[PDB]
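These notes concern the structure reproduced below.
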Amino acid sequence: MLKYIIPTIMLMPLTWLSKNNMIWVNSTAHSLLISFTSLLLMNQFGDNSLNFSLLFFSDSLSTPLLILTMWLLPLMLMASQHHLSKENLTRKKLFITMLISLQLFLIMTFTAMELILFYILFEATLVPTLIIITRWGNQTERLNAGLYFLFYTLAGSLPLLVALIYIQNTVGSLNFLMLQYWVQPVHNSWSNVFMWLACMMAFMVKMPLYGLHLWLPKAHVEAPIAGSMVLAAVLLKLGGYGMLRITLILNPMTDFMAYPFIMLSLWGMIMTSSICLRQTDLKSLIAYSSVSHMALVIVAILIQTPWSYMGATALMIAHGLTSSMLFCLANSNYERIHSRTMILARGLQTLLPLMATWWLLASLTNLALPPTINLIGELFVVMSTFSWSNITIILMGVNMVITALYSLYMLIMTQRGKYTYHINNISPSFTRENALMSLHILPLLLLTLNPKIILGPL
Amino acid sequence: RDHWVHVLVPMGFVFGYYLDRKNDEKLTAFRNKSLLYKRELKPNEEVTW
Amino acid sequence: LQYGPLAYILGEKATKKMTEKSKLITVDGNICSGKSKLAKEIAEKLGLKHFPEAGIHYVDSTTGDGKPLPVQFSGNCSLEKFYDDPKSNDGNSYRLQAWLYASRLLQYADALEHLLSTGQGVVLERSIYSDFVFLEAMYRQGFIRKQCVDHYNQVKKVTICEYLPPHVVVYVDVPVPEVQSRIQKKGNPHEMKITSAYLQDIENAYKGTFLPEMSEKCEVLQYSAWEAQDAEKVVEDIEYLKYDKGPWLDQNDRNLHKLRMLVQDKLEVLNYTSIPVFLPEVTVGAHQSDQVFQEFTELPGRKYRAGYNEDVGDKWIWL
Amino acid sequence: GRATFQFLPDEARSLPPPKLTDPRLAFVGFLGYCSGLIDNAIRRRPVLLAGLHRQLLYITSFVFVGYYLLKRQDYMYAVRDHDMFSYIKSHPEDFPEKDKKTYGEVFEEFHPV
Amino acid sequence: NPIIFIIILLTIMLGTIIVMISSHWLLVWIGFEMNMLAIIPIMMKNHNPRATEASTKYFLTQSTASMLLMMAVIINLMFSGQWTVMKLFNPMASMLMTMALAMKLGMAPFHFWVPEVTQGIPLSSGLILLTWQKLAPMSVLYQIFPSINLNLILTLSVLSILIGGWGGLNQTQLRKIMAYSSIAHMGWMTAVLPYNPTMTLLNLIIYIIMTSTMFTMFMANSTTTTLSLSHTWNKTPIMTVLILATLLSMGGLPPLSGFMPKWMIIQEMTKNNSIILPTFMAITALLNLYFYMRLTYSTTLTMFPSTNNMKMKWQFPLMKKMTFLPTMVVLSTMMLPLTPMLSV
Amino acid sequence: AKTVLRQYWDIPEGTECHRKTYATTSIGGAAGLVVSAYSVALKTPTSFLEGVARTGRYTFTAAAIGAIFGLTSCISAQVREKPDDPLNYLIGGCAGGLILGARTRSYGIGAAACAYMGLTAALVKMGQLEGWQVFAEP
Amino acid sequence: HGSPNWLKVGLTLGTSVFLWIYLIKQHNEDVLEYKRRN
Amino acid sequence: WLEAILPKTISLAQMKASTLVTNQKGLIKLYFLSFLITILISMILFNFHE
Amino acid sequence: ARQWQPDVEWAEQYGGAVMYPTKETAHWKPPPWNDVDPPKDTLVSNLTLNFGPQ
């Protein structure tokens, strides 16, 4: 509520209004504080969900999901600091403003009270993200990532507004989710498929199916300095949750056609992870993880029958961190050596000993050792999706193999002798290198102690 | 001067937290429900609304 | 000169700031010939404001206050550099022309307002017209290449449109074969060994090239001698009016023509040269390159990041 | 409505009016308060706070105008309603009174997984 | 000279005020007959060999455009013999009205013109005045509004917003790029027109502002796209955040106001249970956006600052009312469910 | 006018495959003409009086495709089952790819025509079949 | 000796002195009208 | 084969904007003959008279 | 010389023409940078009449 948007918009002139170089520490100081407010009135119910205003129930829903969104902001200025210190302050004042200008809508969205505040705010980004990709790129291939990032996201999300304005005047008012207490079903026709297909395909083009992901590595391979907005674009994607607000209801009873979204993404899950093994560019190698065990949720959501939402929620915020943090490693190791080519960096682990245990705990949580959230987020997937049909144990059982050769080959490539020609790579990871790389593994594993705070209603 | 720039901004909170209290007076319209949910005889429902 | 529509339709200047004392005029000069020795001496008799000739810092000689800033921020080939006639160089010997040209319009753009705001006659030094003499010995001496010669010639057809030519235009008294010693005897350390090519070819190229305006409307005047030098000074003092009075204007061109009533041709020379942002508004570059006259983006394009400091130093508040 | 080509008629007396401290009127001219700061910056002012006589007279203008305009907007949504009920009231033949009944009556589909 | 230029430039709107104020078919002839009489000298001012091979390709293309109308006025003087201004009482009238009136607006066909004039009028000053002639005709179509064959005014619409879209992707001169995509926004407002004809004007005002604030910005010297590259490193960077705060908003994205006409218009065009029409319009204005992107990759990418170009002087143009508009051309979405009930 | 198309429709949708196809095949060609004829106003020429005939050589079509599309359903109609199903009246579309391919060169059309002119056939029937309206009023 | 026009400066101030005055002049009047009418 | 099918849309349209500009160049006669085709073809075609 | 590439040839590819997206047919011309004056100019000398033995 205004408890949140108002201070975080109050942030906005906490920055430029300041002096010279004090700016970074000025806003990083406050931006942490809001996290007390983040929990503050939140983590109330529980049962019979919280709605505190007419057009906002901040998050009740058991999709808390908002606490993270308020984390990643003052993880950027620790992240983004590296080469952004080399241009002017009135531009550096900008890049902190639009970056906030993103953070303000992700608080608006995830609440939205309804469908039609979601959408205009579901499309309300792409103004702030697109401007961070095109400027402050690195290569010159960036200019095409500008377009491809649109012309999909916007391409098929217009058929929403044709459909959601079609519901508003058909049955009552969509003004509120919390009233669905009248919903008739959707039986069949050659019209209703389209309705269901229009109210869906806009979401898929964000969390990729194995088709129409053609943009995802185009934008991430070449993308701002620190992953500065690349950490944010790994929040944006998973935020396609809203399919959890719809497909639960609002055409419940068409599962009839589900199968082309099952067998299409269920054989890609065994697939695009395997086209990730021979990659020669590291920020590509991680970008294809992000498809894979993200695209497993799309076979979690379509199937009804909770024990999937038990396991589908834990995944949106499962790689929400692990897949975040890897883009933070591959950034750092790139500061020192200016190729992103994976081969070139070898013979590390002697020269940066403390950063050894940083790779490991990262690459260990794709392996998903049993105790952490990762498996307890996957093993509620397999338990329901087994009951669907027994044969799902094979493919998604293969996923649990190729992903293990997948991860290690990234670490074990950095255990070798190489002294080779590098006179660079002196800096022994000054604190920010290891400070911002923490505040992930500390908060991540921690939740396993009381992991009832990440769960759906079911 | 006294650095208005600094923590004067957090005061935005209680600024806002008050606004969430502006509405509760116009959302009073139901003191009556069966779920306990009483607003029965007490000087409790009387506060907060 | 007019100021908006508002300062015009009430009162203006057409003939009532021009009493026939207007009479724009210029001179020519060779290399180290007619620079300051004569034309400077004439301001009065007739009370004509004089302008300085050329050089990199003339735009620094406006806007202030006024101390000239260094050669980075005002870029050029830096006179007393190209005197190495760098026909093999970075370059360039053309990019000098641009800033040598970029002011060359600005004087002549700053004169045409002075009349209509006053009516004083104005003597010049080398106006936009007679600069082209260098290009003959600039093009034929090989240091300029092709494609940089036509470029400012593609600028020539654009830049000159509404300009009323000078009246009594005077080619210089010329030494037969002396500017070898004139450049020798006067010092000028870096005006140097540069040979007959840029010596002789210009002189062949003064009259036979500058001829058109010499035969154009406004009556010209010519000497070949040592100089005026107390002999032809008064001659070109009073009797340069006698030719500039009765038999003065041929097609006249400078009448402030048939809109002379302060209309479409009359005030739109003097509304074009106020706020001279539009005067060099077509001088800004072509499609891409020209391979010579350039500045890259950041390399070396930070020169603007230094001269970037608030860009308006003083307006204090409240008003 | 009636009394055509009037900004607002006499009938708007009965409306609150929309007095100040509403977020919009504050917001109105805020978008002007970020307008004034522009007004300097285009010309290389280069103040970023320049004369307060330009840096004000905007904020004065918007909120006055933003105000003087919001007085009629709220009106219009009233005359909209007004003309609806008074039509909804008559022709009750076009406006039925629905009955009361739900549980123990309605069947749904009923399609579980 | 300078007085009359305010006598002429006043008589235009007096030419279009008799259009909106009148009861009487004759006057809506005389009314926009004296524009084609009083527009022409503005084109001229610098007397060049384009304007004069322009306004003569304009002239005889607004000469017949009128002179058909007078043939479709005098038809229903036969039938019913009552002038005034109302449905046209006979089908050969209307079909000879609306598809011979599309010449002044030009719609889907009848534009080999709008690029042949707007290009190469030597006078770019304005050329903002070609936002009047959008506003004279509509102030007929709002009146005649309940007579159209209804299979047409869409068939000139949907063949328009397409044909004006593709027209520009191939263009460089940026007087054309505004010429094109000004047929486009004539696709939305006359596609609506039989359904609830207000929520047209809504698109008509939001249009007069946005195209207005472009030109006033395009006035300093700006002409060709690759003269908008030499812009940010020369004139002023606070200019570039502007030209990126509109050109994007003009194709429109929901946090801006350019999204305001569509968002409302489709509330109208469905609810009438035509849902297979608007997608194709909704989806075609998409590749109407790829002008502006790729226009906007000109100015923020620091492309080869012109040459040594030193403009140390300040400005003295007339920015008049530019210091307002892109706070009303952008930020108005958050404000208004007025536009449907305000002008109505 | 609404005429021809309406006539055909209120004719032999699923049966009486002959008149229908003979109509849908002749109307396609008729439509084809229009475009060919138009090509002379906006595009010029140079092969003199006879030239326009030469030009038409490229438009020596549309009619063929129209014929074929109708023919497919004409041949089908009551075929295996009711060709009235959404997927069926499709079939008339794709043969179209083959048609254009035959008309000119290969690989760079015949699929697309079969593809897209396939995709947009079914909707027509599917359209009135659910009672869709493109141009309406309240 | 700062040099604005000292001609117009204060008009904008003076003008707003009118507007807010006139604004409330219409407002403080019209407020009672609702009750006077209702 | 993912990048052939969709970016085929790119080089599909960008060609049709070469047939709407190139082939229309010039000849004020050539427009004007083509308003005439359009103004008759609206007679025969459809509802326009009905 | 790092952050990105606003390089040599990105300007000229927008250079004034119809800018053939996939194919070239008929370009126009680098329109006149000043007030347009491409075309021909017409001047007749005078009329030659002899006013003769009349």
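Quick note on naming: the chains in the structure tokens go A, B, ... in the order shown, residues restart at 1 in each chain, and ligands are numbered from 1 in order of appearance.
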(message) List as an MDAnalysis selection string the protein and nucleic acid residues near residue A:152, meaning an atom at most 10 Å away when only C-alpha atoms are counted, but skip any in the same chain fewer than 4 places from it.
(response) chainID A and resid 147:148 156:157 202 205:206 212:215
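Running DSSP on the backbone gives helix (DSSP H, G or I) for these residues within chain G: residues 11, 12, 13, 14, 15, 16, 17, 18, 19, 20, 21, 22, 23, 24, 25, 26, 27, 28, 29, 30, 31, 32, 33, 34, 35, 36 and 37 of chain G.
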Could you turn the residues from that selection into a file that holds N, CA, C and O atoms, as a compact mmCIF listing (two decimals), in the first residue's frame?
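File part09.txt, as written:
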```txt
# COMPACT_ATOMS: atom_id res chain seq x y z
N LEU G 11 3.78 41.35 -12.33
CA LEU G 11 2.50 41.07 -12.96
C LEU G 11 2.05 39.66 -12.66
O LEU G 11 0.96 39.43 -12.13
N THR G 12 2.90 38.68 -13.00
CA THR G 12 2.59 37.29 -12.72
C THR G 12 2.26 37.08 -11.26
O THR G 12 1.32 36.36 -10.93
N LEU G 13 3.03 37.70 -10.36
CA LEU G 13 2.66 37.70 -8.95
C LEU G 13 1.31 38.39 -8.75
O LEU G 13 0.38 37.79 -8.20
N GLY G 14 1.20 39.64 -9.20
CA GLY G 14 -0.06 40.35 -9.08
C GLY G 14 -1.22 39.60 -9.70
O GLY G 14 -2.31 39.56 -9.13
N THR G 15 -1.00 39.00 -10.87
CA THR G 15 -2.08 38.27 -11.52
C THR G 15 -2.58 37.12 -10.65
O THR G 15 -3.79 36.97 -10.45
N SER G 16 -1.66 36.31 -10.12
CA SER G 16 -2.07 35.22 -9.23
C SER G 16 -2.82 35.75 -8.03
O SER G 16 -3.75 35.10 -7.54
N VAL G 17 -2.44 36.93 -7.54
CA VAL G 17 -3.19 37.57 -6.46
C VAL G 17 -4.64 37.76 -6.88
O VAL G 17 -5.56 37.67 -6.05
N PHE G 18 -4.87 38.03 -8.16
CA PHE G 18 -6.23 38.11 -8.67
C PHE G 18 -6.87 36.73 -8.72
O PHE G 18 -7.97 36.51 -8.19
N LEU G 19 -6.19 35.78 -9.37
CA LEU G 19 -6.80 34.49 -9.66
C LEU G 19 -7.24 33.77 -8.40
O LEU G 19 -8.43 33.48 -8.23
N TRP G 20 -6.30 33.49 -7.49
CA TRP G 20 -6.69 32.84 -6.25
C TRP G 20 -7.81 33.61 -5.57
O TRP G 20 -8.77 33.00 -5.09
N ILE G 21 -7.70 34.94 -5.53
CA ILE G 21 -8.79 35.75 -5.02
C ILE G 21 -10.06 35.45 -5.80
O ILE G 21 -11.09 35.07 -5.22
N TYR G 22 -10.00 35.58 -7.12
CA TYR G 22 -11.20 35.33 -7.91
C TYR G 22 -11.62 33.88 -7.83
O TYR G 22 -12.82 33.59 -7.79
N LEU G 23 -10.66 32.95 -7.81
CA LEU G 23 -11.01 31.55 -7.64
C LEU G 23 -11.85 31.35 -6.39
O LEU G 23 -12.97 30.84 -6.46
N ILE G 24 -11.33 31.76 -5.24
CA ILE G 24 -12.08 31.55 -4.01
C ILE G 24 -13.32 32.42 -4.01
O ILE G 24 -14.34 32.06 -3.41
N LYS G 25 -13.25 33.58 -4.68
CA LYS G 25 -14.42 34.42 -4.84
C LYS G 25 -15.57 33.66 -5.48
O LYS G 25 -16.73 33.86 -5.12
N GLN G 26 -15.26 32.79 -6.44
CA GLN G 26 -16.25 31.87 -6.97
C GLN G 26 -16.48 30.69 -6.06
O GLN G 26 -17.60 30.17 -6.00
N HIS G 27 -15.46 30.25 -5.34
CA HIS G 27 -15.61 29.09 -4.48
C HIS G 27 -16.35 29.38 -3.20
O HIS G 27 -17.41 28.79 -2.95
N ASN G 28 -15.81 30.26 -2.36
CA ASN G 28 -16.49 30.65 -1.13
C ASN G 28 -17.90 31.14 -1.38
O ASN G 28 -18.74 31.06 -0.48
N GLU G 29 -18.19 31.65 -2.57
CA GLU G 29 -19.57 31.92 -2.93
C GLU G 29 -20.32 30.63 -3.19
O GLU G 29 -21.34 30.35 -2.55
N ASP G 30 -19.82 29.81 -4.11
CA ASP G 30 -20.59 28.67 -4.59
C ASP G 30 -20.81 27.62 -3.52
O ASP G 30 -21.78 26.85 -3.62
N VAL G 31 -19.95 27.56 -2.52
CA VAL G 31 -20.11 26.55 -1.48
C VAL G 31 -21.49 26.66 -0.85
O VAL G 31 -22.22 25.67 -0.74
N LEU G 32 -21.87 27.87 -0.47
CA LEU G 32 -23.18 28.09 0.14
C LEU G 32 -24.32 27.82 -0.82
O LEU G 32 -25.42 27.48 -0.38
N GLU G 33 -24.07 27.98 -2.13
CA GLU G 33 -25.12 27.79 -3.13
C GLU G 33 -25.71 26.40 -3.08
O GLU G 33 -26.93 26.24 -3.20
N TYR G 34 -24.86 25.38 -2.95
CA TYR G 34 -25.34 24.02 -2.77
C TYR G 34 -26.41 23.97 -1.69
O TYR G 34 -27.52 23.48 -1.92
N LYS G 35 -26.10 24.51 -0.51
CA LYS G 35 -27.06 24.50 0.59
C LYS G 35 -28.20 25.47 0.33
O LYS G 35 -29.36 25.14 0.57
N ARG G 36 -27.89 26.68 -0.16
CA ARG G 36 -28.95 27.59 -0.56
C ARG G 36 -29.89 26.96 -1.57
O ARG G 36 -31.10 27.21 -1.50
N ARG G 37 -29.37 26.16 -2.50
CA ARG G 37 -30.19 25.43 -3.46
C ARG G 37 -30.76 24.13 -2.91
O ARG G 37 -31.92 23.82 -3.17
```
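Any residue of chain A with an atom within 12 Å of chain C counts; using only C-alpha atoms, that gives residues 87, 88, 89 and 90 of chain A.
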Using the selection just defined, write its residues with C-alpha atoms as a PDB file, in the first residue's frame.
```pdb
ATOM      1  CA  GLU A  87      30.520   8.673 -17.040  1.00  0.00           C
ATOM      2  CA  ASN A  88      28.851  11.830 -15.830  1.00  0.00           C
ATOM      3  CA  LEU A  89      26.845  12.376 -12.673  1.00  0.00           C
ATOM      4  CA  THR A  90      23.705  13.818 -14.304  1.00  0.00           C
TER       5      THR A  90
END
```
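From atom CA of residue E:216 back to atom CA of residue E:118, the distance works out to 15.7 Å.
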(request) Tell me which protein, DNA and RNA residues are within 8 Å of stretch 32-47 of chain I, counting only C-alpha atoms, leaving out same-chain ones fewer than 6 positions away, and put them as a list in words. (result) residues 158 and 282 of chain C; 46, 48, 49, 50, 120 and 122 of chain E
Stretch 21-37 of chain H: which residues within 8 Å, counting only C-alpha atoms, same-chain residues fewer than 5 positions away excluded, as a CSV table (one decimal) with C-alpha atoms, in the first residue's frame?
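Saved as result-v7.csv:
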```csv
chain,number,residue,atom,x,y,z
E,57,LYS,CA,-0.3,19.6,-57.5
E,109,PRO,CA,-6.6,5.9,-51.7
E,110,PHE,CA,-6.6,9.5,-52.8
E,112,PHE,CA,-0.5,10.2,-53.9
E,167,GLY,CA,4.4,3.9,-46.7
E,170,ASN,CA,11.2,3.1,-46.6
F,38,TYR,CA,-5.8,-1.6,-61.7
F,41,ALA,CA,-3.7,3.2,-63.7
F,42,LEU,CA,-0.9,3.3,-61.1
F,43,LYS,CA,1.6,1.3,-63.2
F,44,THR,CA,2.3,2.4,-66.7
I,18,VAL,CA,14.5,6.2,-50.7
I,25,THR,CA,14.8,0.5,-58.0
I,26,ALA,CA,14.7,4.2,-58.5
I,27,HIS,CA,16.3,6.7,-56.1
```
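Here atom CA of residue C:230 and atom CA of residue C:173 stand 13.4 Å from one another.
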Chain E near chain A within 9 Å: what's each residue's closest atom pair and its distance in Å to one decimal, counting only C-alpha atoms, ordered by chain then ascending residue number, as CSV?
```
residue,atom,partner,partner_atom,distance
E:253,CA,A:124,CA,7.5
E:254,CA,A:120,CA,5.9
E:255,CA,A:124,CA,5.4
E:256,CA,A:124,CA,8.9
E:263,CA,A:161,CA,8.1
E:266,CA,A:162,CA,7.5
E:267,CA,A:165,CA,6.5
E:270,CA,A:166,CA,7.1
E:271,CA,A:169,CA,6.9
E:273,CA,A:166,CA,8.8
E:275,CA,A:162,CA,7.5
E:278,CA,A:162,CA,8.1
E:279,CA,A:159,CA,7.1
E:282,CA,A:158,CA,7.4
E:283,CA,A:158,CA,7.5
E:286,CA,A:155,CA,7.7
E:287,CA,A:151,CA,8.9
E:290,CA,A:147,CA,8.7
E:293,CA,A:147,CA,8.0
E:297,CA,A:143,CA,8.0
E:300,CA,A:135,CA,7.7
E:301,CA,A:135,CA,7.4
```
Write out as CSV the residues of chain C that have any atom within 6 Å of an atom of chain E, one row each with the nearest atom pair and its distance in Å to one decimal, counting only C-alpha atoms, sorted by chain and then rising number.
```
residue,atom,partner,partner_atom,distance
C:263,CA,E:1,CA,5.7
C:285,CA,E:306,CA,5.0
C:293,CA,E:307,CA,5.7
C:294,CA,E:307,CA,4.0
C:295,CA,E:307,CA,5.1
C:296,CA,E:304,CA,5.3
C:297,CA,E:304,CA,5.2
```
Report as an mmCIF file with N, CA, C and O atoms, in the first residue's frame all protein, DNA and RNA residues lying within 12 Å of residue B:39, evaluated on only C-alpha atoms, omitting residues in the same chain fewer than 4 positions from it.
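So out_17.cif came out as:
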```cif
data_model
loop_
_atom_site.group_PDB
_atom_site.id
_atom_site.type_symbol
_atom_site.label_atom_id
_atom_site.label_comp_id
_atom_site.auth_asym_id
_atom_site.auth_seq_id
_atom_site.Cartn_x
_atom_site.Cartn_y
_atom_site.Cartn_z
ATOM 1 N N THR B 28 -16.375 1.656 7.239
ATOM 2 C CA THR B 28 -17.101 1.178 8.407
ATOM 3 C C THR B 28 -18.415 0.501 8.083
ATOM 4 O O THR B 28 -18.945 -0.208 8.942
ATOM 5 N N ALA B 29 -18.933 0.664 6.868
ATOM 6 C CA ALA B 29 -20.364 0.522 6.626
ATOM 7 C C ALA B 29 -20.930 -0.809 7.092
ATOM 8 O O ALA B 29 -22.149 -0.916 7.255
ATOM 9 N N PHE B 30 -20.098 -1.818 7.317
ATOM 10 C CA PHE B 30 -20.552 -3.040 7.965
ATOM 11 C C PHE B 30 -19.902 -3.183 9.329
ATOM 12 O O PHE B 30 -18.701 -3.447 9.428
ATOM 13 N N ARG B 31 -20.708 -2.993 10.375
ATOM 14 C CA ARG B 31 -20.419 -3.451 11.728
ATOM 15 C C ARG B 31 -21.136 -4.765 12.027
ATOM 16 O O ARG B 31 -21.120 -5.247 13.158
ATOM 17 N N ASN B 32 -21.789 -5.336 11.020
ATOM 18 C CA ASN B 32 -22.722 -6.444 11.217
ATOM 19 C C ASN B 32 -22.283 -7.628 10.361
ATOM 20 O O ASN B 32 -22.289 -7.546 9.133
ATOM 21 N N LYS B 33 -21.913 -8.724 11.012
ATOM 22 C CA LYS B 33 -21.561 -9.950 10.312
ATOM 23 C C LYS B 33 -21.747 -11.112 11.279
ATOM 24 O O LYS B 33 -21.855 -10.918 12.492
ATOM 25 N N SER B 34 -21.825 -12.325 10.737
ATOM 26 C CA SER B 34 -22.149 -13.495 11.544
ATOM 27 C C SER B 34 -20.918 -14.311 11.935
ATOM 28 O O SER B 34 -21.041 -15.321 12.632
ATOM 29 N N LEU B 35 -19.735 -13.916 11.486
ATOM 30 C CA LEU B 35 -18.549 -14.760 11.591
ATOM 31 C C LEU B 35 -17.731 -14.414 12.820
ATOM 32 O O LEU B 35 -16.578 -14.835 12.952
ATOM 33 N N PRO B 43 -16.900 -1.960 23.592
ATOM 34 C CA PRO B 43 -16.119 -0.791 23.163
ATOM 35 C C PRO B 43 -14.793 -1.190 22.515
ATOM 36 O O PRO B 43 -13.720 -0.704 22.892
ATOM 37 N N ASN B 44 -14.868 -2.101 21.546
ATOM 38 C CA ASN B 44 -13.776 -2.583 20.704
ATOM 39 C C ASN B 44 -14.003 -2.294 19.233
ATOM 40 O O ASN B 44 -13.202 -1.598 18.612
ATOM 41 N N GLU B 45 -15.074 -2.828 18.659
ATOM 42 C CA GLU B 45 -15.547 -2.392 17.351
ATOM 43 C C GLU B 45 -15.606 -0.873 17.280
ATOM 44 O O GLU B 45 -15.301 -0.260 16.263
ATOM 45 N N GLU B 46 -15.998 -0.265 18.371
ATOM 46 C CA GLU B 46 -16.075 1.184 18.475
ATOM 47 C C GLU B 46 -14.746 1.864 18.187
ATOM 48 O O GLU B 46 -14.729 2.904 17.529
ATOM 49 N N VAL B 47 -13.635 1.329 18.689
ATOM 50 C CA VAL B 47 -12.321 1.793 18.270
ATOM 51 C C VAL B 47 -11.987 1.121 16.940
ATOM 52 O O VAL B 47 -12.591 0.115 16.557
ATOM 53 N N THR B 48 -11.044 1.731 16.214
ATOM 54 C CA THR B 48 -10.472 1.267 14.949
ATOM 55 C C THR B 48 -11.416 1.553 13.790
ATOM 56 O O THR B 48 -10.981 1.644 12.640
ATOM 57 N N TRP B 49 -12.691 1.779 14.084
ATOM 58 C CA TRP B 49 -13.646 2.126 13.043
ATOM 59 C C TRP B 49 -14.167 3.533 13.259
ATOM 60 O O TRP B 49 -13.436 4.501 13.075
#
```
(request) Quick one: pick out all strand (DSSP E or B) residues within stretch 6-79 of chain C from a backbone DSSP run and write them as JSON, numbers by chain. (result) {"C": [25, 27, 49, 50]}
Now that the selection is made, can you save its residues with N, CA and C atoms as a compact mmCIF listing (two decimals), in the first residue's frame?
```
# COMPACT_ATOMS: atom_id res chain seq x y z
N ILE C 25 31.67 48.37 -48.36
CA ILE C 25 32.90 48.40 -49.14
C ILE C 25 33.84 47.34 -48.59
N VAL C 27 38.13 45.49 -49.47
CA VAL C 27 39.40 45.51 -50.17
C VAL C 27 39.83 44.06 -50.40
N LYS C 49 33.23 52.24 -39.81
CA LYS C 49 33.77 51.28 -38.86
C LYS C 49 34.51 50.20 -39.62
N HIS C 50 35.62 49.74 -39.05
CA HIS C 50 36.53 48.81 -39.70
C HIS C 50 36.42 47.45 -39.04
```
(message) as a count of residues only, please: the residues near residue E:236 (cut-off 8 Å, only C-alpha atoms, same-chain neighbours under 4 positions excluded).
(response) 6
